[PDB]
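The following block contains the structure, expressed as structure tokens.
Every read-out reported here was derived from the displayed coordinates using simple, explicitly stated rules and does not represent laboratory data. Please note: Cβ atoms are built from the backbone with ideal geometry, for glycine as well, and neighbour counts cover all protein chains shown.
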Amino acid sequence: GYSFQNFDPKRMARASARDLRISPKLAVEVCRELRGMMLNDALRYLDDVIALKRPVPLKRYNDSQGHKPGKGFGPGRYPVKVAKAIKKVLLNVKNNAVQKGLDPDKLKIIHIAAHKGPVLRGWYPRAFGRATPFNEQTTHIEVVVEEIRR
Amino acid sequence: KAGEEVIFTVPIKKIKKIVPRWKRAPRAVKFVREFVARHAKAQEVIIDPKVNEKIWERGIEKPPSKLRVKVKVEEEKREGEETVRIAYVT
Amino acid sequence: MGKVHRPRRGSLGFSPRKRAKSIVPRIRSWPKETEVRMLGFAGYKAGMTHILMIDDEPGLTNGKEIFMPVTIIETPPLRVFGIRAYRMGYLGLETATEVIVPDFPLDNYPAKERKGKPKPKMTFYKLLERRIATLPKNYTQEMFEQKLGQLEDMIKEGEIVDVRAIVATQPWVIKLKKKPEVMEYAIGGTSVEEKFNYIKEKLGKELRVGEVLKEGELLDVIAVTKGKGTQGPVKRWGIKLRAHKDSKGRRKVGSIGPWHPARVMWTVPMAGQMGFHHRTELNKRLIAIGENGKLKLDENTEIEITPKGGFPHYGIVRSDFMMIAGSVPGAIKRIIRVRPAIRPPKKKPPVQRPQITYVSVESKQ
RNA sequence: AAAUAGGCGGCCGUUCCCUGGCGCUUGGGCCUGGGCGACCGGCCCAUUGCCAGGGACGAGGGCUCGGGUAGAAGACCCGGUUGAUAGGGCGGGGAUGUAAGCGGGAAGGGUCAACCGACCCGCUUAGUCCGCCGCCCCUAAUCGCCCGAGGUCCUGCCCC
RNA sequence: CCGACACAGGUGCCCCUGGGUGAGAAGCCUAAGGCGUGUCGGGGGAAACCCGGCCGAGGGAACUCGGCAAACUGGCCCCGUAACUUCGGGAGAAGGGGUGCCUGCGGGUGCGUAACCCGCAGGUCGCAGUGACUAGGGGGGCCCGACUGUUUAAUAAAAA
RNA sequence: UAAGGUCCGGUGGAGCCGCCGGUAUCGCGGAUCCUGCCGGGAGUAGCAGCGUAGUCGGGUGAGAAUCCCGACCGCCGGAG
RNA sequence: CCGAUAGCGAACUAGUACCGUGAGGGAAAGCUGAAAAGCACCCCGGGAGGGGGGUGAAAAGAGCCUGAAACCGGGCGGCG
């Protein structure tokens with residue numbers, strides 16, 4: 001669904017993604033980082049991540065992963081898959097908003113939040129006659145973008 | 001510099017001890033690719049099957065110490081680049 | 001337990017083994033004052049040679065030929081940027097004030113053909129510009145307000161303690177840096193006013209090996225040693241080998257400790273930084289001072305140095321130099337600073353200008 | 001990061017306007033009765049200050065690029081055309097030991113002729129090679145991004 | 001196929017005479033034929049540490065329960081060969097020498113100069129001629145059990 | 001006292017209380033409890049060790065280090 | 001009497017799937033709505049995926065009545 005307030009006629013535009021086959025933890029680091037920016041900066045940010053230029057800092061989940069230089073937190077990594085996938089969500093808010101009579105580029109991103117969805121589960125082998133879960137997480141991520149201009 | 005052509009010698013020497021020895025030959029090629037791109041100020045480049053053969057000739061293990069290469073600069077259309085370089089052995 | 005003792009491996013006296021706080025060496029400990037003369041001087045390690053000398057250097061003969069390995073060091077000339085004043089507090093020595101010299105001569109500098117734009121380098125010390133220490137913003141004004149501040153300090157009179165000098169390099173032939181390394185050297189005499197007079201003359205002056213230091217003395221050397229990176233328990237502390245044939249073990253400490261005590265001591269061998277550590281090594285004999293190198297017109301007190309083909313990993317030596325006995329702590333191309341000895345041997349006398357029979361002329365390669 | 005939480009030198013930030021409301025709100029000088037004084041009362045000044053509505057400017061530093069005297073990542077150190085950092089070319093210094101070709105010799109065997117020949121010598125201190133140094137800007141050190149403020153909430157020392 | 005797994009496992013035959021090699025259904029290389037899905041890539045000249053493996057002066061088991069591990073010998077030809085003895089064996093004892101390429105001959109079998117094989121002399125290069133791969137270290141006393149075989153399918157292969 | 005009762009708001013959209021007398025496969029914190037669902041571990045280990053294999057152009061496609069074509073470089077040789 | 005972790009092995013695709021050479025062993029798996037109107041038409045999207053509008057009411061939108069806890073994101077308050 002959607003997990004935040006709306007005033008979609010002239011001050012909000014929304015879109016959501018369901019069952020994206022992506023890491024939920026890597027969705028946590030991008031949503032937080034991206035949050036509070038305008039759409040255009042958010043496109044720019046995603047494009048840099050894919051190039052393998054600006055790192056996404058690891059923060060809340062962070063363990064056993066190498067640091068990355070510069071201002072921003074010690075560890076970080078690049079979630080290419082998620083950046084491509086989220087770019088599509090954002091593109092959908094952008095096409096929609098224009099029909100709705102909002103100008104997308106100026107609208108700031110109030111809210112982006114990730115939801116750990118259903119779990120694709122099975123088995124892959126281990127030793128001693130035993131099989132262990134081998135799972136892919138399927139993730140929903142919502143975006144609600146809001147006008148701000150003078 | 002714009003329009004043609006540079007003849008350049010690319011030193012392969014990084015290839016030894018930057019990566020190991022069989023798989024010097026895949027590494028040489030990345031060096032040839034970088035050197036040319038760098039010098040060009042360009043994209044990854046296209047390099048002729050003749051450079052490959054040259055690196056490869058002795059085998060995966062023994063690539064040669066230098067390799068002389070001829071590069072050109074050209075444009076394109078549609079939208080995009082400067083940024084395209086055709087290079088072959090000389 | 002066999003009831004057999006094992007003497008400790010590694011020291012805790014050059015511990016903790018961890019990276020230097022700066023590329024510049026540091027100093028607290030200053031050697032004996034007895035003369036109104038410059039204390040401490042600097043160079044870059046060029047490489048190494050070996051030398052034949054006539055003993056001199058008192059020991060097991062005092063007349064037969066002796067082999068002594070040598071470190072050839074290119075010293076830059078230095079330029080005293082400022083006078084640092086100290087006042088003595090309650091808790092330790094604190095810097096009262098400083099005079100700097102913003103003021104600009106054009107540097108003995110060269111470089112560069114192409115040619116169309118020589119583009120002038122005429123150096124107000126554009127090397128100060130390349131030094132990331134900042135500068136007023138009215139050169140004349142600043143120097144004078146400080147000079148007046150000095151005059152006060154000299155007047156009061158005994159409020160002021162000793163004088164030390166902020167001194168910086170001049171790269172005017174060295175290609176391994178182009179940014180002044182900035183340091184402190186003390187100016188000793190025996191009483192403040194004599195140090196105050198000397199430091200004031202000194203400031204505008206490009207100075208030598210000759211000014212600071214004399215041949216035939218023993219000297220300390222202060223430096224940050226060459227960085228290995230991280231190295232093993234084997235390397236850092238020393239470890240012995242074990243029993244009949246061990247595949248599994250070999251480079252191993254076994255015990256870190258007992259079960260109670262329920263902690264790890266800091267004296268047990270582990271991996272971590274080795275090198276890039278600060279060391280002062282005592283009593284290295286000053287073989288030689290000269291300037292150039294390559295040719296000198298006189299045939300005694302050198303005939304002039306430099307192997308042909310340079311040295312591996314060092315540029316051309318052409319400027320004032322010093323050749324010091326034995327090992328020098330550091331890597332090739334690193335800044336080393338030289339410290340007079342605090343006291344030298346006394347069972348072995350220093351003897352001035354030691355006799356230099358012959359100098360190497362072969363490359364290190 | 002010694003909580004007695006240091007010392008110095010330099011560099012920085014160190015703002016406007018209409019309209020309405022307020023000012024011993026803020027700040028100084030003078031007279032006189034009272035006070036040691038601050039203070040009350042009388043006289044004099046403010047391009048000013050304050051609240052509400054809109055509004056400027058941007059020192060440092062990283063990321064970037066060429067390499068390392070540095071290095072598990074990250075960091076460190078140096079250079080970036082105000083330049084010789086890296087590579088080319090050339091030349092200097094080093095490593096190996098005589099290159100390919102050709103010419104002659106060469107145990108012999110053959111119509112002892114055209115020749116078949118391991119090997120030897122000359123050419124040739126050759127040839128091949130360098131993680132080093134110098135000359136030299138030819139080539140590549142471009143292009144471009146950011147984060148980081150806004151003499152400080154309130155108090156007291158000296159003036160305003 | 002079977003082992004839950006597309007498991008380095010392990011289940012029959014046939015091609016066992018491909019070429020070079022060399023005693024060879026050996027190794028290596030290579031042909032017909034097959035593949036690069038023994039299915040995750042890239043980076044750090046890659047530091048410590050760990051597995052496989054290479055090399056170590058001088059010394060030559062000082063290590064350790066113990067020469068364990070590892071090393072050495074090494075193919076082939078020739079010479080020579082002890083104690084002991086069930087006379088069969090020990091024995092490939094031990095130890096010593098040689099071995100390449102070229103040039104020219106001889107012998108054997110044959111038929112007439114084929115196909116191979118075994119010797120001989122001269123010339124000559126290297127540090128090294130089984131130069132690689134293949135490829136026993138040897139010797140002596142003692143205990144036990146005759147031997148070959150079998151054994152705790154899966155911590156004991158032994159003297160049982 | 002309390003075991004537990006009762007009222008309001010949101011949600012939900014058909015059944016439900018009280019009293020009195022009865023009755024029981026009648027109240028749960030543990031049982032290396034049983035079953036079911038879920039997090040940390042981790043974005044770590046594995047995706048290496050055995051004779052260590054790919055690579056450049058080009059084709060196709062929304063997406064190509066591992067699909068195909070050629071060239072080039074290899075392993076295998078009673079066996080891959 | 002029980003009421004879907006209960007009661008028959010089994011409210012159903014059960015003596016099924018599956019295990020075991022075999023004898024034998026053996027689960028889980030119920031609920032749309034008044035009507036299927038079971039998603040047309042329109043915008044977007046590589047898109048069989050996904051979002052807005054379209055139902056009395058979609059926390060009635062396809063194992064779809066209700067829709068807890070553990071737990072996971074975001075936000076609010078507070079601490080930091």
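Could you tell me which of the residues A:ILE50, A:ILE112 is in a strand (DSSP E or B), of a type in the set (A, V, I, L, M, F, W, C) and within 16 Å of the chain's Cα centre (by Cα)?
Checking each option against the conditions leaves just A:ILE112.
Of C:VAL167, C:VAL182, C:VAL173, C:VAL221, which residue is in contact with a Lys or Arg (Cβ under 8 Å, 6 or more places away or on another chain), closer than 23 Å to C:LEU106 by Cα and either within 14 Å of chain A (Cβ to nearest Cβ) or buried (at least 18 other Cβ atoms within 10 Å of the Cβ) (or both)?
Just one listed residue meets the conditions, C:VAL167.
Can I ask one more? Looking at segment C:185-210, which of its residues are outside any loop (DSSP other than H, G, I, E, B) and loosely packed, with under 14 Cβ neighbours inside 10 Å?
Residues satisfying the conditions are C:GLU193, C:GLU201, C:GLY210.
Condition first: closer than 24 Å to A:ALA51 by Cα, away from RNA strand F (no atom under 15 Å from the Cβ) and charged (D, E, K, R). Can you find one or more residues in segment B:14-34 that meet it?
No - not one qualifying residue is present in segment B:14-34.
Identify all residues within segment A:4-22 that are over 16 Å from A:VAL89 (Cα atoms) and in contact with a strand residue (DSSP E or B) (Cβ under 7 Å, 6 or more places away or on another chain); write none if there are none. Step through it out loud before you land on a result.
To start, the set of residues in segment A:4-22 that are over 16 Å from A:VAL89 (Cα atoms) comprises A:4-11.
Result: A:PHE4, A:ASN6, A:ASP8, A:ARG11.
Can you pull out the helices (runs of 4 or more DSSP H) entirely within segment B:1-80 that have at least 3 residues that are touching a residue at least 40 places away in the same chain (Cβ under 8 Å) and either exposed (fewer than 13 other Cβ atoms within 10 Å of the Cβ) or away from chain A (no Cβ under 14 Å) (or both)?
Fully inside segment B:1-80 and qualifying: B:25-40.
Scan segment A:93-150 residue by residue and report those that are of a type in the set (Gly, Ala, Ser) and within 16 Å of RNA strand E (Cβ to nearest atom).
The answer is A:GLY122, A:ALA127, A:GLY129, A:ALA131.
Next question, about the same structure. Cβ-Cβ under 7 Å, sequence separation 6+ or interchain: first residue in segment C:116-143 and within 14 Å of chain B (Cβ to nearest Cβ), partner outside any loop (DSSP other than H, G, I, E, B). Which pairs?
none
Just to be sure before I move on: is A:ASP105 within 16 Å of RNA strand D (Cβ to nearest atom), outside any loop (DSSP other than H, G, I, E, B) and not aliphatic (A, V, I, L, M) in the structure I sent? If you could, list the steps in order and put the result at the bottom.
Numbers: within 16 Å of RNA strand D (Cβ to nearest atom): yes; outside any loop (DSSP other than H, G, I, E, B): no; not aliphatic (A, V, I, L, M): yes.
For A:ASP105, the condition - within 16 Å of RNA strand D (Cβ to nearest atom), outside any loop (DSSP other than H, G, I, E, B) and not aliphatic (A, V, I, L, M) - is not met.
Look at A:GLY76 and say whether it is away from RNA strand G (no atom under 13 Å from the Cβ), within 20 Å of A:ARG54 (Cα to Cα) and surrounded by fewer than 18 Cβ atoms within 10 Å (Cβ to Cβ).
No, not satisfied.
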